[PDB]
Amino acid sequence: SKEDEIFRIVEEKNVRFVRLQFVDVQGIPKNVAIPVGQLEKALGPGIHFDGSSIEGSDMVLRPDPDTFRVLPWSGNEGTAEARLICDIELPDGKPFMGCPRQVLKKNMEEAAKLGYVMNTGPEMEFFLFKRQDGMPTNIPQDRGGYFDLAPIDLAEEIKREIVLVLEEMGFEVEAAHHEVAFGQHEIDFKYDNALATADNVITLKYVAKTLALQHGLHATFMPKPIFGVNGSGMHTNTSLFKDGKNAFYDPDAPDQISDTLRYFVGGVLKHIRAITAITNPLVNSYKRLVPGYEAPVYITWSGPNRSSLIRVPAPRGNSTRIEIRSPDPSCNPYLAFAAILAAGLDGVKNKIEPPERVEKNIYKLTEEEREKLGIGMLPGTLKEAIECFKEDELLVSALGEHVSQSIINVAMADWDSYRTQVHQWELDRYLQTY
Amino acid sequence: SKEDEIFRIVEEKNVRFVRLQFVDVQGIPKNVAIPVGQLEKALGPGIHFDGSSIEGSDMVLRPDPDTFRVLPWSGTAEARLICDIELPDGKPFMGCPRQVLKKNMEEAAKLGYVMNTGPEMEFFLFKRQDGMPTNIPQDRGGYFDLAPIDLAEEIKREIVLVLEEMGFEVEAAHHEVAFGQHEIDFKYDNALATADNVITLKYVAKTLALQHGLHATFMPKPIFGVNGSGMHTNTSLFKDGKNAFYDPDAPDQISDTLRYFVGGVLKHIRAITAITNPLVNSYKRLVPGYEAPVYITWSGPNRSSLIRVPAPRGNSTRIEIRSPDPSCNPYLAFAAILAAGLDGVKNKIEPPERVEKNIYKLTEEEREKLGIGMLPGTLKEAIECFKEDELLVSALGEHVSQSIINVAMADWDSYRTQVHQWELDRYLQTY
Amino acid sequence: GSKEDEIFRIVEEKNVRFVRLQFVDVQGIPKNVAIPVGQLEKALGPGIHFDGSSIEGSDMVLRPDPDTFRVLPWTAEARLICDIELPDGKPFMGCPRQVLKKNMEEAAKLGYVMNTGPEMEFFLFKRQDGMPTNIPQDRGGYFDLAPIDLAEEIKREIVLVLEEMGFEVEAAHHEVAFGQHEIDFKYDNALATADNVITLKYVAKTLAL
Ligand SMILES: [Mg+2]
Ligand SMILES: [Mg+2]
């Protein structure tokens, strides 16, 4: 069985400690390290812990046997370490609704009842910065540009190690390359189910940050670490499958795009202002949603030639898909995919027609011509997105009252602290003159 | 005449250069230095210059003879003249803040109304490191503290002395709550003379602080976590020489004119905030836990509301508007309070009920029950309210109103896109 | 009144330009409102208004005591110890000076008058980078003489400045600890002595700086 396979890998690789991984509402990885002697107890009745960490009391860690992986960084004296992604459940046995992984599982099960399965293939952007006096900085390690090659791209050895470590954990990567900004990089993931992809996103962040520290560097998935340069985004390539076949493909329809694609796009665009609170959750995420950079700011959908919020690429057949370009890599992937699934399926169910495709360059258009087409804007601040998310009854019910309230409480605690602060820009702009 | 008196003071004090002072829409003092030989030309046909500096094209400087003063820092001596801006043809430039206040005062004078203002000017005195100003307090003093706890007594003594040498009367000066913070309380005078005096104080305080290797700043919130600098404007309205705010037969000896004036100011207070609190930093001062008002309420002396009604009666009857900060343009600020206050008197606008309870101590559910509004939270939020206020846009003129909106939104669009250090401190290590 | 006429004579004679309306909070820390000499007539008449929240640690009037007008020996500056009253005119019972005045008036009803002569001990420490320290300026002992007592000029200046303000000291000497000193005060009524104690602390800290 899978438990017997785990114990054979334990004896083979000499695993002595196991990490019971899990994530809080903010997407930050948390864990409980247990010696290998307690692994039988973990896979059976489960390990007890304090659930106050998830929000931002007594509960049980339920390891997923399919997620057992040996960490490739070999420990001291030939001893090895292993990890297990866990689901949280209450002492009675019921699943705890505040767990982000359980929320995505619920939403996927609701989609499975109607024969729908969503596949996600995210484009993970990140920065590799230098360290000064043991603390991380926002100084790029390299001064490279778009798709640059070494010695212009100095982070080729570390990126090579990241993809190698991921392959050693049942993770297949499509491609990796240097991005527009200095020290910025991207790792494009292969398509997989929403749960496996979200598990993979968390693993990548953990591996990238761990291997960066090994080389005296700091990897960050922050949306906008440096002003004036491109920000890190998570473009989520999304495809919906109904009974094994691609629900987004119709060979007889115009552009070979099915009605299900248009209704899915219409549903996502209807709740996109609310989804932004989940997919762009930090105060810094709105410093990325500014014009002049790769990131979408206006609420439009179009073909491949124009860069918009939702982009429908050329590939057809089983590769028919949409690309939601608004999220950033700092979002909780479990919640981001659950929110996209719930909004997209509501569009398919209620037959929500999306607005007309804006093929023209939206950035070049004047502010007068945008209102005429009914073009909207993504939220400008975190408070503005949280206010829209609070009123979206669909997403609050899809994520649950526990997760939704925790997102609002953490975001408003950060906002209230950020708004009262006196930033250096104000001293630079007003201290000498006034 | 006044021109003959000017030339007598010139020959007596040996004045060799005169500064033709004026201010832009942001309240920053600007000037044209001319040698004394050109003083006759300035007082007669006027000196020409480029008026695009007021925005932030050609015009003439019209010196006000009543504002001729010799600068006490002996050079040969120097003198100054506050100027009004006029177009080459002779008509007044509506974009000049001083002319805007003068208009609004002339409109009030037609109705027999004269507004007297006595502002409480708060400011900070910071150290200078490597020739550049800092936000490090020079002293570690508190509220009303005395030397050696208040190390800025000689600089303050020197400020009030220099002001007295320029026909300026100060009521009192003291150390404020925050470290290195101080306050200079001015006495009552007409809105124009008071606004001229406010600009002079900022110029003198900053000049004298540089002489002592320090930096004086009128910034609303230079340091996070400590009290911010405010400009509490003690306001009194006079009708035909008598105090229009006093009525001995009315309850609490408050005339109906006071109530209607307060009602008018509170109706347009969200829009006035764009003028009286014009910087992005001004909204970091409008936060709870400090002396600055945040909720839109008016009350008696014991409670600290947006508008206060102090105990003194008779000719000293007055209100205290405590929302403005010392970074505002005083000419435009007093014009906005006069226009809003007079609209309340004209249209008989009844103010809301007095909130005598401590507003900060009440919970949000209690504040919601009493219907207490809040001042704008951001500069963008106040400018949106100012854009819709047709009264204030017409009182300040389409030229001044548009310049305020253009400068504020240029600062807001630059500030909102910036990545501040708080974000790196809160997200860089974890994400 | 005549005491007021006396004050304005000293103002023109010594060229006083600013006056400090001194007062004290519940903790004994001296507080003041600096007013230009033009407002001195307003202070001695209807009084100067201020915020009474400082006395605790919101609107009151400063009532200067004309007998406490003294020119600061360091254009000249002058001081006036003030009593606090509420805007209506009643004395504020939160003012420490008014509290001692009350208790003395009760004692005066029973024909009793208390005289106090305190022995004021203090330390004179060095300053490092403009901030105060607890490092003794001198390495002297009990009743020591210079050069063992380095603070003899500062103590001489303190007593000289006090004498120039209608203040008489009995004796001064170095104390047991390093950099410690004592100034023994002459006998006087509780109010005058308390006014004198506040003045000594202000003068000693000012001359030390
Ligand atoms: Mg993309
Ligand atoms: Mg006040």
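Residues numbered from 1 in each chain as written, not as in the entry; some residues may be left out. Chains lettered and ligands numbered in written order. Part of a larger assembly, values for the part shown. Heavy atoms only, no water. Residues with missing side-chain atoms left out of burial classes, pairs and counts.

Method of determination for the deposited model, per the PDB record: X-ray crystallography, at 2.64 Å resolution.

**Student:** Whenever I open this one, unusual backbone geometry confuses me. Can you help?
**Tutor:** Leaving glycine aside, a negative phi is the common case for residues, and trans is the common case for peptide bonds. In this structure, the amide linkage connecting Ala150 of chain A to the following residue, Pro151 of chain A, adopts the cis form with an omega of 0 degrees. Turning to its location among the elements, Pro151 of chain A is positioned in the loop between β9 (135-140) and α5 (156-167). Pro147 of chain C follows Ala146 of chain C through a cis peptide bond whose omega is 0 degrees. Mapped onto the elements, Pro147 of chain C comes out in the loop between β11 (131-136) and α5 (152-163). (Helix = DSSP H or I, 4+ residues; strand = E, 2+ residues; numbered from the N terminus.)

**Student:** Help me understand helix α12 (residues 379-388) of chain B, please; the structure alone is not making it clear to me.
**Tutor:** Because each turn of an α-helix spans 3.6 residues, side chains separated by three or four positions end up pointing in the same direction. Residues and elements named next belong to chain B. Turning to α12, its buried residues are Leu379, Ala382, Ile383 and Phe386. Down the axis of α12, the buried side of the element spans an arc of 100 degrees, and every buried residue falls inside it. Turned more than 90 degrees away from the buried face of α12, the exposed residues are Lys387 and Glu388. In the core, the buried residues of α12 are packed alongside α8 (269-276), α9 (282-285) and α13 (390-417). (Buried < 20%, exposed > 50% of the residue type's maximum accessible area, 1.4 Å probe, protein only. Arc of directions from axis to C-beta. Contact = heavy atoms within 4.5 Å.)

**Student:** Could you clarify how one ought to interpret the coordination of the magnesium ion (ligand 2) in this entry?
**Tutor:** In an ideal octahedron of six donors the angles at the metal are 90 or 180 degrees, and in an ideal tetrahedron of four donors they are 109.5 degrees. All names here are of chain B. The protein atoms donating to the magnesium ion (ligand 2) are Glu120 (OE) and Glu320 (OE), with metal-donor distances spanning 2.2 to 2.4 Å. Here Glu320 lies in strand β19 (residues 319-321) and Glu120 lies in strand β8 (residues 113-129), a separation of 200 residues in the sequence. The two residues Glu120 and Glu320 agree in class, both being buried. (Donors = N, O, S within 2.8 Å, 3.2 Å for Na, K, Ca; no water.)

**Student:** Explain empty space enclosed by the protein here, please?
**Tutor:** To find leftover empty space, one rolls a probe the size of a water molecule over the atoms. What the largest cavity holds in volume is close to 170 Å³. Forming the walls of the largest cavity are 15 residues, and the residues nearest its centre are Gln26, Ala277, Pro281, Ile407 and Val410 of chain A. Sorting the residues of the lining of the largest cavity by element identifies α8 (272-279) and α13 (393-420) of chain A as the ones contributing at least two each. Among the elements that line the lining of the largest cavity, the one with the most residues is α13 of chain A, at five residues. Split into classes, the residues belonging to the lining of the largest cavity amount to ten nonpolar, three polar and two charged. Together, 13 residues line the second largest cavity, and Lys156, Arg157 and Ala173 of chain B together with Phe18 and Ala34 of chain C are the ones closest to its centre. Elements supplying a minimum of two residues to the lining of the second largest cavity: α5 (153-164) and β10 (170-175) of chain B together with β1 (16-24) and β3 (34-36) of chain C. With four residues, α5 of chain B is the largest single contributor of residues to the lining of the second largest cavity. (1 Å grid on protein atoms, 1.4 Å probe; cavity = no way out; pocket = protein on both sides within 12 Å on 5 of 7 lines; lining within 4 Å. Points joined across faces, edges and corners; volume = space filled by probe spheres on them. Nonpolar A, V, L, I, M, F, W, Y, C, P; charged D, E, K, R; others polar.)

**Student:** How do you make sense of the interface of chain B and chain C when you look at a structure like this?
**Tutor:** Interface size is often expressed as the accessible area that is lost when the parts come together. Across the contact, 23 residues belong to chain B and 25 residues belong to chain C. The tally of links from chain B across to chain C stands at four salt bridges. With a closest N to O distance of 3.1 Å, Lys31 of chain C and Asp145 of chain B form a salt bridge. The interface formed by chain B and chain C contains nine residue pairs in polar contact. Counting residues per element, the ones that place at least two in the side of chain B that touches chain C are α5 and β10 of chain B. Split into classes, the residues belonging to the side of chain B that touches chain C amount to 14 nonpolar, two polar and seven charged. (Salt bridge = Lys/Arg side-chain N within 4 Å of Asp/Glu carboxyl O. Polar contact = N/O pair within 3.5 Å; in protein donor to acceptor, adjacent residues only side chain to side chain.)

**Student:** I tried to follow the pairing of strand β1 (residues 15-23) of chain A on my own but got confused; where do I start?
**Tutor:** Within a regular strand, side chains alternate between the sheet's two faces. Residue and element names in this part refer to chain A. As judged from the six bridges shared by β1 and strand β7 (residues 80-89), these two strands associate in the parallel manner. Each residue of the ladder has a partner; that of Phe17, found in β7, is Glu81. Pairing of β1 with strand β3 (residues 33-35) involves three bridges; the strand directions are antiparallel. Note that in β3 the partner of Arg19 across the bridge is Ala33. Note that β1 and strand β2 (residues 29-30) share two bridges and pair antiparallel. Across the sheet, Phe22 pairs through a bridge with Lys30, a residue of β2. (Pairing = 2+ DSSP bridges.)

**Student:** Is there a simple way to think about the coordination of the magnesium ion (ligand 1) in this case?
**Tutor:** Residues and elements named next belong to chain A. For the magnesium ion (ligand 1), the full set of protein donor atoms is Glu123 (OE) and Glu323 (OE), and the range of their distances to it is 2.0 to 2.4 Å. A residue pair is termed long-range when its members are at least 10 positions apart, and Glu123 in strand β8 (residues 116-132) and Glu323 in strand β19 (residues 322-324) qualify at 200 residues. Of the two residues, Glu123 and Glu323, neither departs from the other in class, the shared state being buried.

**Student:** Is there a simple way to explain the packing of helix α7 (residues 256-267) of chain B against helix α10 (residues 330-347) of chain B in this structure?
**Tutor:** Geometrically, a packed helix pair is captured by the angle between its two axes and the distance between the axes. All names here are of chain B. The geometry of α7 relative to α10 is characterised by a closest axis approach of 6 Å and an angle of 125 degrees between their N-to-C directions. With respect to each other, α7 and α10 are oriented oblique. In this structure, α7 crosses over α10, and the sense of that crossing is right-handed. For the pair formed by α7 and α10, the contact residues are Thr257, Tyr260, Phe261, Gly264, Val265 and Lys267 on the first element and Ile337, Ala340, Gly341, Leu342, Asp343, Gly344 and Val345 on the second. When the residues that make up the contact of α7 with α10 are grouped by side-chain class, the tally is seven nonpolar, four polar and two charged. (Axes fitted to C-alpha atoms, helices over the stretch in contact; angles between N-to-C directions. Parallel < 35°, antiparallel > 145°, perpendicular 65-115°, else oblique. Left-handed = near helix turned anticlockwise from the far one by under 90°.)

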